[PDB]
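Structure first, then comments.
Protein chains: 2
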Amino acid sequence: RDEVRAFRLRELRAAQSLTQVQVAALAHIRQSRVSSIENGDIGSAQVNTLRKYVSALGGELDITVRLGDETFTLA
Amino acid sequence: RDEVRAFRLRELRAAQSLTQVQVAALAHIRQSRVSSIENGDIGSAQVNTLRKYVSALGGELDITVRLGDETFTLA
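Put into structure tokens, the structure is as follows:
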């Protein structure tokens, strides 16, 4: 469900070995929202929020719409 | 531009003969959001809301984190 997702985000921070608070301020994000996404939430977060989280921990967040044969980019 | 991204979305909707008002009802999303997320405010868009919309256009929204060459899926 979201457990898989949660673990997809939890390890971005674990790899830098930073706490949830360190990151909220490294990415400039409410620690509440930071914790919510680490828990496989994400549906209630601005794309921006999510991007910052991932950028902060050295990744590139790519948002795409796949329709039929081809796909389109949003981020 | 993040306004060309969203204008690509406007055309997907239009090609399927749906007005913003219909799209709204279809994904149970406030019509106010759809106009903006169609005016290019993707960053500000709440993820699930943007999920809800892209599917009322018959699409899969696809969120992944690119690290090195390898990329990992969230949505």
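Those sequence lines, one after another, are chains B and A.
Going by the entry's author numbering, 97 is the number at position 71 of the first sequence; the sequence numbering is gapless.
Going by the entry's author numbering, 27 is the number at position 1 of the second sequence; the sequence numbering is gapless.
Every residue gets a Cβ at the ideal spot worked out from N, C-alpha and C, and that includes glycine.
Local Cβ density within 10 Å of residue i, reported as buried at 16 or more and exposed below that
{"i": "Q72 (chain B)", "result": "buried"}
{"i": "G94 (chain B)", "result": "exposed"}
{"i": "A50 (chain A)", "result": "buried"}
{"i": "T97 (chain A)", "result": "exposed"}
{"i": "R59 (chain B)", "result": "buried"}
{"i": "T90 (chain A)", "result": "buried"}
{"i": "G84 (chain A)", "result": "exposed"}
{"i": "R39 (chain A)", "result": "buried"}
Chain A contact for residue i (CB, 7 Å cutoff)
{"i": "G66 (chain B)", "result": "no"}
{"i": "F98 (chain B)", "result": "yes"}
{"i": "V91 (chain B)", "result": "yes"}
Cutoff 7 Å: residue i Cβ touching any chain B Cβ
{"i": "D95 (chain A)", "result": "no"}
{"i": "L44 (chain A)", "result": "no"}
{"i": "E29 (chain A)", "result": "no"}
{"i": "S70 (chain A)", "result": "yes"}
Cutoff 6 Å; reference residue i; Cβ partners in own chain excluding five residues on either side
{"i": "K78 (chain A)", "result": "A53, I55"}
{"i": "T99 (chain B)", "result": "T90"}
Beta-bridge partners of residue i, as assigned by DSSP
{"i": "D88 (chain B)", "result": "A:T90"}
{"i": "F33 (chain A)", "result": "Beta-bridge pairing links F33 (chain A) to no other residue."}
{"i": "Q72 (chain A)", "result": "B:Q72"}
Cut-off 7 Å between Cβ atoms - residues of its own chain near residue i, not counting five sequence neighbours on either side
{"i": "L87 (chain A)", "result": "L76, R77, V80, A101"}
{"i": "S61 (chain B)", "result": "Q46"}
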